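A.B. asks: One structure is given below, represented as structure tokens, and several questions about it will come after.
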Amino acid sequence: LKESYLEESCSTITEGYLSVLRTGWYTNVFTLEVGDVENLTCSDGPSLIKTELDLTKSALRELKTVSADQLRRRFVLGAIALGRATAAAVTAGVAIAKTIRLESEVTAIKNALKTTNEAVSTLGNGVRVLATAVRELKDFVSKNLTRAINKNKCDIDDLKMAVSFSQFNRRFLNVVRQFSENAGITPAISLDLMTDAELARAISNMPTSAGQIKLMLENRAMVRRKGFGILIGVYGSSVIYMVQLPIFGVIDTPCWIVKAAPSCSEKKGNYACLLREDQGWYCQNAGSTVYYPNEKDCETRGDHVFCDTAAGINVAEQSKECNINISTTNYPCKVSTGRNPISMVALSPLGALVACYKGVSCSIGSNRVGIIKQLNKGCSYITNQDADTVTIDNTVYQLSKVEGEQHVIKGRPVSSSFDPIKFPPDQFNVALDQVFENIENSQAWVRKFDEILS
Amino acid sequence: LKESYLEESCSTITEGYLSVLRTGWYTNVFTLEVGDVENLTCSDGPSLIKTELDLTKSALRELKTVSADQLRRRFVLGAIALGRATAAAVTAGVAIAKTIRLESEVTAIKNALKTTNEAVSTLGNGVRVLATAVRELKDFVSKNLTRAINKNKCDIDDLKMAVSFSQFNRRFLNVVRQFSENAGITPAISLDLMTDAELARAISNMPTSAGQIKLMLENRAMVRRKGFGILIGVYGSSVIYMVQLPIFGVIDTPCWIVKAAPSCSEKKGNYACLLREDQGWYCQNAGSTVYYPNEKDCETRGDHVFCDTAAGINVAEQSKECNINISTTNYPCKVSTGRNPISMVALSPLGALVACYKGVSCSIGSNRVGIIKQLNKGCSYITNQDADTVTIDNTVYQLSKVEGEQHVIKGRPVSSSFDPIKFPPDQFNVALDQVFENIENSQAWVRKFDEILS
Amino acid sequence: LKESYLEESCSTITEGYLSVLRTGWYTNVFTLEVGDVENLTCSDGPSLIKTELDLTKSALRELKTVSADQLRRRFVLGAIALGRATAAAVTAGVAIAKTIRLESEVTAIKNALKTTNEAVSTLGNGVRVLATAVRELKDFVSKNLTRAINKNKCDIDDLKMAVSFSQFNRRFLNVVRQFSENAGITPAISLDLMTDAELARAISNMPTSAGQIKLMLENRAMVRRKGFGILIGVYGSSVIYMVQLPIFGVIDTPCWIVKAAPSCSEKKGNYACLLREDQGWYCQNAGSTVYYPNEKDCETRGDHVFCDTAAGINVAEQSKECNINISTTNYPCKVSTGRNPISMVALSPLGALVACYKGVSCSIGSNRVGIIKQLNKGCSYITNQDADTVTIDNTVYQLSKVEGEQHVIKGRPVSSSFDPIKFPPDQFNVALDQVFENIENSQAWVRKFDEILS
Ligand SMILES: *[C@@H]1O[C@H](CO)[C@@H](O[C@@H]2O[C@H](CO)[C@@H](O[C@@H]3O[C@H](CO)[C@@H](O)[C@H](O)[C@@H]3O)[C@H](O)[C@H]2NC(C)=O)[C@H](O)[C@H]1NC(C)=O
Ligand SMILES: *[C@@H]1O[C@H](CO)[C@@H](O[C@@H]2O[C@H](CO)[C@@H](O[C@@H]3O[C@H](CO)[C@@H](O)[C@H](O)[C@@H]3O)[C@H](O)[C@H]2NC(C)=O)[C@H](O)[C@H]1NC(C)=O
Ligand SMILES: *[C@@H]1O[C@H](CO)[C@@H](O[C@@H]2O[C@H](CO)[C@@H](O[C@@H]3O[C@H](CO)[C@@H](O)[C@H](O)[C@@H]3O)[C@H](O)[C@H]2NC(C)=O)[C@H](O)[C@H]1NC(C)=O
Ligand SMILES: *[C@@H]1O[C@H](CO)[C@@H](O[C@@H]2O[C@H](CO)[C@@H](O)[C@H](O)[C@H]2NC(C)=O)[C@H](O)[C@H]1NC(C)=O
Ligand SMILES: *[C@@H]1O[C@H](CO)[C@@H](O[C@@H]2O[C@H](CO)[C@@H](O)[C@H](O)[C@H]2NC(C)=O)[C@H](O)[C@H]1NC(C)=O
Ligand SMILES: *[C@@H]1O[C@H](CO)[C@@H](O[C@@H]2O[C@H](CO)[C@@H](O)[C@H](O)[C@H]2NC(C)=O)[C@H](O)[C@H]1NC(C)=O
Ligand SMILES: *[C@@H]1O[C@H](CO)[C@@H](O)[C@H](O)[C@H]1NC(C)=O
Ligand SMILES: *[C@@H]1O[C@H](CO)[C@@H](O)[C@H](O)[C@H]1NC(C)=O
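Residue numbers (the working numbering), protein chains in the order written: chain B, 59 to 512; chain P, 59 to 512; chain Z, 59 to 512.
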């Protein structure tokens with residue numbers, strides 16, 4: 059990686075990442091088969107097979123009141139985002155589910171899987187899904203369990219059938235309670251909905267080129283992490299559900315992250331403070347720049363960053379000029395201002411930015427040595443090669459130990475160009491040139507008053 | 059449903075929903091009985107019964123250090139909300155728990171269930187709760203297990219008792235680890251705290267009319283979804299806990315949702331942008347209107363929307379005139395402004411609102427025939443009977459496929475009345491009439507300077 | 059506790075808490091041993107041992123594609139916070155994990171545990187961790203399972219080995235599931251990562267005085283609640299992972315909480331409204347004051363509060379003067395303003411603050427008696443000793459029943475000082491003295507025009 063400390067805007071920009079962007083969803087439709095349990099009875103009394111069999115029958119009866127979408131009746135850019143990714147994900151899932159719930163669709167899907175256990179099918183709206191069938195419990199019930207229970211006797215002396223049936227209905231019971239606890243729309247794929255072999259077999263079928271397929275096949279955990287399952291229904295004795303997986307269609311494209319801390323200048327005891335408000339992630343793609351402002355939707359693993367294209371905002375390319383000359387650009391650089399200092403530590407991938415003002419004591423130290431030194435007032439960039447912990451008055455922060463190259467870009471701070479008297483009041487996500495306009499307009503009105511003497 | 063696209067404010071309002079509002083809590087008190095495992099020993103050596111029995115004893119000894127409310131010494135309306143619902147829920151739960159932890163209360167509760175397994179009791183503060191007892195592990199320990207383990211031997215050749223005991227203590231061990239892992243206050247009801255039959259038997263006892271009782275009995279999943287459990291304690295060998303369930307007292311009352319996207323007008327290359335800020339849900343009730351501003355607390359299931367009355371804000375009845383006459387109403391309709399366009403897509407229940415400005419390319423297409431057409435600059439409303447996917451420069455969004463009636467309400471945009479020069483700086487949740495006040499005050503001051511000639 | 063209702067600022071301050079502050083992390087390194095399962099085969103067909111053994115082998119094969127940090131190629135103070143605590147926690151965890159993944163480190167750690175099952179070791183960077191080994195499945199496989207399965211026969215008539223092996227590999231399969239579902243970094247410690255006895259043994263070894271050790275040993279649930287586990291890898295047949303636990307180094311230090319609700323004054327039908335914006339928690343420590351603005355990071359159990367020093371902001375000790383003299387302090391008291399009333403209820407630990415305005419009906423009542431009385435317009439403080447529920451037009455809130463001493467402080471509201479005409483537009487987190495300066499500047503300009511007559 060490579061990290062620059064920008065003295066002027068008092069912030070830091072770290073480059074050298076590579077993106078892995080989600081660009082669509084892939085749907086797997088699972089048909090879990092249970093068999094003819096609702097046709098088997100027991101009359102001996104208390105036993106093991108009877109307990110397990112009553113659990114299975116009750117699970118089927120319970121799952122028929124759970125519905126994913128039906129009621130059974132028998133400019134602050136960090137705020138414009140924040141709720142887009144999940145809303146879009148759920149909207150797409152329910153939109154496909156509405157199409158699979160029809161009787162013609164389920165009939166076609168079950169006819170595909172009549173003689174196999176996986177088949178690629180096309181729904182009625184032209185979408186291609188992958189249908190797969192789970193048939194272990196059904197085969198055990200038809201071939202083994204039913205033969206043993208002949209005359210409604212279940213207090214038999216086998217006890218191998220009892221333990222076997224306990225082994226075989228575990229996945230079914232787990233699927234049922236995961237859908238029943240979560241109102242029919244789970245928020246993550248467990249190992250009961252989609253196990254590991256089926257995750258690999260679904261990744262091998264996605265509609266992308268070979269490079270992305272290789273990346274996902276090797277890092278399946280991060281493809282399972284961003285999916286969810288939706289219940290379709292209980293048809294006959296089959297529990298039908300679906301699983302939505304991401305498609306990381308665009309890989310290895312530039313990214314960078316911007317971090318910042320307050321920049322405050324003092325004169326005669328009065329302060330003038332700014333703070334850059336365009337922090338977060340930026341990703342290039344096909345010549346266009348996308349800004350992800352809520353850092354809870356991008357996840358790094360190494361120097362790769364996994365991102366969600368539905369949670370970003372398109373920004374012009376001239377937006378990379380706030381990192382070169384924040385003061386005299388044309389782009390509307392976003393800043394927040396104030397008249398009261400804040401002391402804080404903003405950790406960045408290769409170090410920290412410490413802001414130490416009027417009444418706070420800061421220091422840097424290591425593990426084997428202890429307090430290495432103190433720090434002067436103002437803002438400082440502490441690389442993670444010269445320190446291990448950074449201390450504000452009593453708080454200790456542990457720097458991350460990533461390896462990279464650090465640079466410092468010289469320049470007198472912008473906050474030192476103001477007069478702490480005549481500074482405008484507090485602002486929230488304005489452009490910097492509007493701050494300069496406020497000051498200029500006040501000067502102009504005072505001059506207008508002064509010219510008029512008479 | 060029915061959705062209108064409002065041109066002047068550049069937003070959309072969807073009506074025809076029906077509410078299901080939470081209006082209180084119902085409390086179930088569970089007494090889970092374990093028996094005299096604490097005075098059963100073993101001396102043979104490793105076996106199955108010994109392993110299971112050590113697990114049960116350790117679970118009891120573990121649960122006695124877990125406490126839920128003691129330490130053992132042995133005007134931006136989206137910000138005023140956001141934390142009310144969950145804080146109120148926990149406050150009510152702990153307020154009742156403080157009353158059940160007394161020894162007189164637990165004595166009375168255990169005396170109610172002496173000869174039955176469910177009884178409605180009244181606490182000391184006049185609240186009526188439902189007390190229920192779970193007695194399967196205890197009966198197994200007293201009747202079956204104790205007789206077999208007679209001379210401190212457990213390496214017996216039965217092995218039906220070992221498997222039975224493993225079946226019987228599963229619920230106890232699950233309850234214990236759910237409370238131990240969550241500090242004593244779980245955030246959701248599992249099938250171990252309260253199973254399905256007990257959920258139905260508690261819904262049948264709530265203090266509401268028959269219509270709401272019918273709705274809740276048929277949609278139990280969404281009544282379990284909004285509860286939580288609190289540990290009361292370990293008394294003797296009984297684990298006593300409680301479960302809080304919602305009471306959806308008010309059903310089938312009008313609701314609507316409001317969505318919006320930026321509305322920007324260009325003159326000589328300078329933009330004036332305005333965005334509507336009163337988005338989210340609104341519900342009538344008894345002639346009053348309640349505005350739910352955080353869309354994370356209202357959840358739809360078809361025509362109906364499930365809402366939490368503690369997370370809403372009472373708004374005036376004229377707040378629905380911002381959807382008719384946004385410029386000339388007396389009501390203070392909230393807007394945000396700016397001078398820099400944003401391009402984005404705001405998905406509404408029957409379509410999308412696309413805002414496409416200076417440097418972004420947009421298109422609409424479907425699943426079968428691919429890209430259908432491009433879009434002109436500005437903001438436009440795209441129904442979901444017209445397209446399937448909407449594309450911003452490289453992002454693709456899949457519309458929801460709900461069925462309804464879409465209307466368009468004509469009008470010249472508000473943003474086309476401003477002069478992009480002489481536009482006020484960025485604002486955040488101001489009323490629109492204050493924007494007009496800023497412009498008029500500046501005009502008047504300039505006129506005052508111009509009149510004075512001398 | 060003790061709670062004051064401040065009438066001038068229309069807010070409430072509750073004191074008498076004691077803090078339990080986190081000041082560092084402690085690392086446990088677990089080595090879970092599986093044995094030579096990948097060396098055992100079966101050739102009889104279906105049985106119980108074969109099913110369990112295939113599950114164990116598949117778990118090992120599955121866990122080798124999960125990575126916690128690598129990609130396999132094989133001034134609004136409430137916004138400046140909000141993401142510091144979790145980012146810092148994960149940064150520290152991954153920083154230590156990068157050091158334990160080296161082969162020299164794992165070799166040294168495994169050499170410590172050669173002849174014992176717990177040992178305190180020091181890594182290569184000087185940090186001291188606690189290494190512990192889990193050896194039950196491995197000993198069962200070497201001593202019992204391997205001998206019985208002699209010539210690839212597993213359809214044997216034991217059935218005690220089958221149940222025993224089901225009992226023994228449960229913890230291993232659960233650990234593998236928890237790391238595989240969560241991409242290799244779980245967000246909480248379950249009872250499978252670190253059980254209870256090992257939590258007690260890790261707390262006994264922390265680097266703090268005896269008093270903090272005693273507090274943590276007695277309230278272990280709240281120490282497990284704030285940790286997480288990270289996967290280090292699979293080495294041979296050993297699954298190596300780590301667990302990060304908090305160190306509550308500073309205990310029993312003063313805290314207080316500040317709550318507030320809108321304060322609006324009416325004249326001739328026009329309202330001037332003011333709301334106080336420095337709400338949340340405050341803690342002393344060593345003569346400094348720390349302000350925690352996001353209430354989601356501080357959690358109370360009794361009159362104790364479990365804060366997190368990485369999520370707070372250092373504030374000057376004159377900040378408390380906002381609770382005594384909000385108008386004339388020499389301190390930037392943060393307020394929001396408006397011209398439209400809001401009616402709402404802010405629940406404070408010993409009562410509620412009800413704001414009732416233009417068109418809202420409020421009342422207070424109890425359980426046994428019902429509606430006790432109505433409330434006048436304005437803001438009022440309802441202690442939790444003369445009421446149980448507070449009702450806004452149709453919403454009912456249940457007060458908390460904590461016991462303390464309530465105390466009202468006299469004074470005329472600040473909002474009665476303003477003129478509802480000539481009130482500045484809506485503000486958001488400005489200092490109060492800036493509002494006064496705004497009004498004064500407007501008066502001065504009007505006077506300047508009035509003086510000039512000519
Ligand atoms: C644990 O102990 C209980 C009670 O000691 C056992 O329940 C007993 O099961 C027998 C089964 O023979 C039942 O008695 C008889 O039931 C048959 C029909 O199954 C019928 O001929 C009569 O109705 C007769 O009463 C009864 O449920 C019960 N016996 C008594 C005396 O209560 C249970 O089986 C034991 N469980 C295990 C796993 O050992
Ligand atoms: C549940 O039922 C299935 C099928 O009834 C059982 O699978 C069968 O298990 C037997 C066990 O011996 C296998 O027999 C084998 O026959 C072949 C052909 O001669 C030969 O390799 C041996 O002589 C061996 O005995 C059989 O292949 C296998 N499958 C079928 C279709 O019969 C299964 O064991 C039962 N499970 C339980 C727990 O009862
Ligand atoms: C797994 O393997 C171990 C080791 O082979 C088995 O443990 C064995 O259990 C016997 C029980 O008979 C124990 O023998 C000892 O005998 C003396 C004298 O009777 C007594 O004082 C001890 O307390 C103990 O009972 C011993 O733990 C062990 N035998 C050895 C090491 O020779 C264990 O049974 C196996 N697990 C299963 C499920 O088979
Ligand atoms: C259990 O047995 C009953 C028969 O007593 C089955 O019910 C019939 O099954 C056939 C098979 O297709 C249908 O054609 C009949 O219409 C069924 N009868 C009724 C009244 O519906 C029942 O299906 C069996 N259980 C299962 C799970 O198949
Ligand atoms: C051991 O089992 C007995 C069953 O009778 C439990 O009852 C107590 O037994 C002790 C004798 O050790 C008596 O002194 C007590 O008076 C009995 N209890 C009562 C209420 O009378 C006993 O609790 C069990 N032991 C443990 C430790 O639980
Ligand atoms: C199961 O057996 C194989 C083959 O014996 C083990 O692989 C190595 O085999 C060589 C002989 O070619 C031995 O010298 C090594 O010692 C074996 N490896 C080890 C780690 O001992 C294989 O390792 C065995 N399974 C396990 C889990 O060790
Ligand atoms: C704006 O339209 C609403 C719609 O009925 C109307 O009631 C209101 O009087 C209008 N505002 C005016 C006329 O200033
Ligand atoms: C306001 O009250 C505080 C409370 O002690 C006091 O210290 C301060 O001096 C007061 N303000 C002025 C201007 O005196």
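The C-beta atom is built at its ideal place from N, Cα and C for all residues, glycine as well.
1. By the three-class DSSP mapping on this structure, what secondary structure does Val-418(Z) have?
2. For chain P, check one thing: does any of its Cβ atoms lie closer than 8 Å to the Cβ of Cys-437(Z)?
3. Starting from the beta carbon of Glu-163(B), find every residue of chain P whose beta carbon is closer than 9 Å, and list them in chain order.
4. Taking 8 Å as the threshold (beta carbon to beta carbon), is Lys-218(B) in contact with chain Z?
5. On the three-state DSSP scale, how would you describe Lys-60(Z)?
6. Do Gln-302(P) and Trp-503(P) come within 8 Å of each other at the CB atom, strictly closer than that value?
7. Please go through the same chain and pick out, in chain order, the residues whose beta-carbon is closer than 6 Å to the beta-carbon of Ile-158(P), but skip the five residues on each side of it.
8. Spatial neighbours of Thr-449(P) within its chain, please: CB distance less than 6 Å, with the 5 preceding and 5 following residues excluded, ordered by chain position.
9. Could you tell me the alpha carbon to alpha carbon distance between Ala-145(B) and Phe-226(Z), rounded to whole angstroms?
10. When you compare only the Cα positions, how much space is there between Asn-169(B) and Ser-179(B)?
11. CB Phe-476(Z) to CB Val-134(P), shorter than 8 Å?
12. If you draw a straight line from the C-alpha of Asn-434(Z) to the C-alpha of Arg-334(Z), how long is it?
13. Label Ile-430(Z) either buried or exposed according to how many other C-beta atoms from any shown protein chain fall within 10 Å of its C-beta, with 16 as the threshold for buried.
14. Taking Cβ to Cβ, would you say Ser-458(Z) is nearer than 8 Å to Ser-323(Z)?
15. Confirm the yes/no value for this check: CB of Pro-304(P), any heavy atom of ligand 3, distance under 7 Å.
16. What's the call for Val-466(B), buried or exposed, on a 16-neighbour Cβ count within 10 Å?
17. So for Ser-475(B), helix, strand or coil by DSSP?
18. Note down, in chain order, each residue of its chain lying with its Cβ closer than 7 Å to the Cβ of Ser-401(P), except the 5 sequence neighbours on either side.
19. Taking 7 Å as the line, does the beta carbon of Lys-201(B) fall inside it for any heavy atom of ligand 2?
20. Would you call the stretch 350-365 of chain P in contact with the stretch 345-357 of chain B, where contact means no fewer than 3 C-beta pairs closer than 8 Å?
21. Could you check whether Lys-392(P) and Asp-336(P) sit closer than 8 Å to each other, using their CB atoms as the reference points?
22. Can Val-292(B) and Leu-106(Z) be called in contact, C-beta distance under 8 Å?
23. If the cut is a Cβ gap below 8 Å, which residues of chain P does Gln-492(B) touch?
24. So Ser-238(P) and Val-124(P) are in contact, right, with Cβ under 8 Å, and what is the actual spacing, rounded?
25. Specify the secondary structure class of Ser-179(P) as computed by DSSP and reduced to three states.
26. Quick check on the DSSP output: the alpha helix (DSSP H) that includes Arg-426(P) runs from which residue to which?
27. Taking Cβ positions only, does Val-297(P) come closer than 8 Å to chain Z?
C.D. replies: In terms of the structure at hand:
1. Within the third sequence, the letter at position 360 stands for residue 418(Z). Reduced to three states, the DSSP call for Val-418(Z) is coil.
2. Within the third sequence, the letter at position 379 stands for residue 437(Z). Not one chain P Cβ lies under 8 Å of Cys-437(Z).
3. Looking up residue 163(B) in the first sequence gives position 105. Residues of chain P passing the Cβ test: none, with the nearest at roughly 14 Å.
4. As a position in the first sequence, residue 218(B) is number 160, starting the count at 1. By this cut-off, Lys-218(B) is an interface position.
5. To locate residue 60(Z), count along the third sequence from 1; it is residue 2. Here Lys-60(Z) sits in strand by DSSP.
6. Residue mapping note: residue 503(P) aligns to position 445 of the second sequence, counting from 1. Residue mapping note: residue 302(P) aligns to position 244 of the second sequence, counting from 1. With respect to the 8 Å criterion, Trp-503(P) and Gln-302(P) are not classified as neighbours on the basis of their beta carbons.
7. Translated into positions along the second sequence, residue 158(P) becomes position 100. Hits under 6 Å: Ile-290.
8. What you label residue 449(P) is simply residue 391 of the second sequence in a count that begins at 1. Only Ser-421 meet the Cβ criterion.
9. Here residue 145(B) is taken as the residue at index 87 of the first sequence, counted from 1. Here residue 226(Z) is taken as the residue at index 168 of the third sequence, counted from 1. Each residue's CA atom was taken as its position, placing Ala-145(B) and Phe-226(Z) some 43 Å apart.
10. Counted from its first residue, the first sequence places residue 169(B) at position 111. Counted from its first residue, the first sequence places residue 179(B) at position 121. Answer to the nearest angstrom: the Cα atoms are 10 Å apart.
11. One-based indexing of the third sequence puts residue 476(Z) at position 418. One-based indexing of the second sequence puts residue 134(P) at position 76. The answer is no: Cβ separation not under 8 Å.
12. Here residue 434(Z) corresponds to residue number 376 of the third sequence, with the count starting at 1. Here residue 334(Z) corresponds to residue number 276 of the third sequence, with the count starting at 1. Cα-Cα distance, rounded: 22 Å.
13. Within the third sequence, the letter at position 372 stands for residue 430(Z). Classified as exposed, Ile-430(Z) has fewer than 16 neighbouring CB atoms from the shown chains inside 10 Å of its CB.
14. Residue mapping note: residue 458(Z) aligns to position 400 of the third sequence, counting from 1. Residue mapping note: residue 323(Z) aligns to position 265 of the third sequence, counting from 1. Contact: no.
15. Counting from one through the second sequence, the residue named residue 304(P) turns up at place 246. No.
16. Indexing the first sequence from 1 puts residue 466(B) at position 408. Counting Cβ neighbours within 10 Å, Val-466(B) comes out exposed, since fewer than 16 surround it.
17. On the first sequence, position 417 is the one that residue 475(B) refers to. Residue state, collapsed to three classes: helix.
18. As a first step, residue 401(P) is located in the second sequence; it is residue number 343 there, counting from the start. Hits under 7 Å: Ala-413, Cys-414, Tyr-415, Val-418 and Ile-450.
19. As a first step, residue 201(B) must be located in the first sequence, where it is residue number 143. Proximity of the beta carbon of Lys-201(B) to ligand 2 is indicated: a heavy atom of the ligand is located closer than 7 Å.
20. These segments do not touch.
21. Locating residue 336(P) in the second sequence gives position 278, where the first residue counts as 1. Locating residue 392(P) in the second sequence gives position 334, where the first residue counts as 1. Cβ distance < 8 Å, so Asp-336(P) and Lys-392(P) count as in contact.
22. Within the first sequence, residue 292(B) is the residue found at index 234, counting from 1. Within the third sequence, residue 106(Z) is the residue found at index 48, counting from 1. Cβ distance not < 8 Å, so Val-292(B) and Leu-106(Z) don't count as in contact.
23. For the purposes of this step, residue 492(B) is taken as residue 434 along the first sequence, with counting starting at 1. Within 8 Å Cβ-Cβ: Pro-483 and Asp-484.
24. Indexing the second sequence from 1 puts residue 238(P) at position 180. Indexing the second sequence from 1 puts residue 124(P) at position 66. Sure, about 6 Å apart at Cβ, within 8 Å.
25. Within the second sequence, the letter at position 121 stands for residue 179(P). Strand, per DSSP.
26. Residue numbering aside, residue 426(P) sits at position 368 when the second sequence is read from its first letter. That residue, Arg-426(P), is in no alpha helix (DSSP H); it is neither H nor E in DSSP.
27. Start at 1 with the first residue of the second sequence, and residue 297(P) comes out as number 239. Cβ-Cβ to chain Z under 8 Å: no for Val-297(P).
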